Every structure is written in structure tokens, then in C-alpha cells.
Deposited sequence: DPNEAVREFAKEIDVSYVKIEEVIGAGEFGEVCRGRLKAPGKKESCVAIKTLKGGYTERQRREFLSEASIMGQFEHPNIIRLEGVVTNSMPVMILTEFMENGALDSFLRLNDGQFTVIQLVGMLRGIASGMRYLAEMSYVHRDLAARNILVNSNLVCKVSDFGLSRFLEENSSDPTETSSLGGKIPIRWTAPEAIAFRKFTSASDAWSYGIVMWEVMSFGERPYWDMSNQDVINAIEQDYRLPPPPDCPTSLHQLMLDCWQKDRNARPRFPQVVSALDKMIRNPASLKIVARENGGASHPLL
């Protein structure tokens, strides 16, 4: 959806993205009430391939409609700067949000966040969309603490292309996906387990100061991240289920959502901690 630039008012720069700024603004179109939007801008000094790469995130987002997937409002392409407009998520990225609020949300709140993420992924998997970069930094959070999946793009990672998407995010990535570049919804399930750990650790870095190769070797040698402080054992076990070496043994997203919904219904089960 092409958005007339006169409909857009940019209010403040709130972030930086790969190709330029991220801003908060307002969108007002004839016949509709004004709404708050995030705006990614792409200014001069870019190649056409880069412009197409930029806008591809819009194309992809525009293919989806789900309350736990960032909603596209439109694009500005017939003037400068080139812009992508989405719904505005007041609390930004989940990892930084949790770090800011370390220890200040209950287990049930955190499980609700995880459920929202899992429902977003359930939807993507149903649509045969493999995310490939599922990580707490790519989950955005609104004023009601609703979590939505962001970061959409289909570019092969640097390792998949010519000898001579960015690099594979090793700490989030399933071992078969690192080794063979086989990215499936089941490798996304591995990543989801990492996101669970991030959330229950209030945004600690997965594997602390281990090197990428240290992480690769540890996982091959049966190491798995331990339960975060005060983490319910049932959640840690769901993480371990997500981190099965055999991708076919991992829960699919409908099962993940089901598991989390049961926890929510039976919050006594979450009292058991190591």
C-alpha cells in the first residue's frame, strides 16, 4: 500500500536499523482516524539492490495478518526518503525491555509473552514461512505487553551464497541449520527455545561470553543452557524439548502454544523451580 507522504508526520527518532533510522510518527488517511506508526526511512546513498532489499521486508510483512506479527500500514516509494510504516510498539525490543525491567514481571506475565511469540510463530509455520533469525531482539512489545514477531526477509545468509541476509546468528541457530543450512520451522523451534531462555533470564545473552565456535562445539557435545534463576522447571523442560538434536523430536508450534496455555491454566505447575 502506497502511502501519500502528506498523510505521514514523523515525530521522533527512536532507533537505528540496517539501512537508516527508525522513528515514531503519526499516519492520518482520508476516512480513517489518526494512528501511531513506526517509520523506517532509507535516505540517499543506496544502491537499487539495497532499496529492493529494504522494501522486501514490507512485501513480506504485507503477506501476513496476525495479532502477534508486526502489522504493515504501508510504504512510501514515490518520494524521498523511502519509508516503511508499521503499527507502533511502544516498548520496543523485548530483550532490552526485559533488561530495563529485570525481575519486575511475574512468571505468568513472562509466560504470556512467550505464548504471544509462540502464536506468532505457529502462524508463520502454518504459512510455510521460516523466520531464521528468531531472537528476543526481534520481538517487539506494545503498551499492553503484547509481543509481536518482527524482522522479515528472505535473503540467503552470507554463508549460503557465493564462496567470494547477514551472517548466520549462531547462538540462536539449530545445529543442523548451522552445519547444513537446512532452515525449517523445526530449526525455528530451536531458536524459540533460546528466546524462552532470554525471556526467563530477563534478556541475558545466550551462552554468555562463549565464542560462536565454543557454542557450536558445546551443543554437539550435549551442553544445553541451564535454567535461569527462579525459572519454573516445566519451562526449562520445554526449552530442552526445543533443543533436541533430532529436529523431528522438537515440538511444533501448535504443541508449544498448547503447552504454554496449559501452564497458564495451571499456574501451580510453575511453582516447581530448581
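Gaps in the model relative to the deposited sequence occur at 1 to 10, 175 to 181, 292 to 302, listed in sequence order.
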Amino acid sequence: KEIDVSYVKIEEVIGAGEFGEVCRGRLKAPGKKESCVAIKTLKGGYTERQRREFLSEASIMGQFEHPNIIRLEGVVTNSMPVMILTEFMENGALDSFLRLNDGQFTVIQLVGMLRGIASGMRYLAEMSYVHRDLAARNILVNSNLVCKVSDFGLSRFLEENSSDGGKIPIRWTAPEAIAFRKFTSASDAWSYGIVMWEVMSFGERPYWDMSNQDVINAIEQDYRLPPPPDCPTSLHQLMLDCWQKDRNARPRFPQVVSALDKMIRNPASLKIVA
From here on, numbers count along this sequence of modelled residues.
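Take the two forms, superpose them, and find the largest set of C-alpha atoms that agree within 1.5 Å; that set is the rigid core.
After a core fit, the C-alpha atoms in 4 other deposited structures of this protein lie farther on average from the shown form in one of 117 to 125 and 71 to 79, namely 71 to 79.
Taking the rigid core as the alignment reference, the C-alpha atoms of 29 to 37 lie farther on average from the displayed form in 4 other deposited structures of this protein than those of the other stretch among 29 to 37 and 223 to 231. Gaps at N161 occur in at least a third of the other compared entries of the protein that contain both adjacent residues. Across the other entries compared, at least a third leave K43 without coordinates even though the residues on each side are present. A summary of the deposited B-factors shows that, of 46 to 54 and 33 to 41, the stretch with the larger mean C-alpha value is 46 to 54.
The PDB entry reports B-factors from which the mean C-alpha value can be compared for 207 to 215 and 233 to 241; the larger average falls on 207 to 215. Of the candidates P175, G120, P81, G74, the PDB record gives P81 the highest C-alpha temperature factor.
Among all modelled residues in this chain, the alpha-carbon of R171 has a temperature factor (C-alpha) in the middle third. When the modelled residues of the chain are ordered by C-alpha B-factor, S162 sits in the highest third. Ranked within its chain, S155 lands in the highest third, by CA B factor from the PDB record. Per the PDB record, residue ranking by Cα B-factor puts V256 in the lowest third of the chain.
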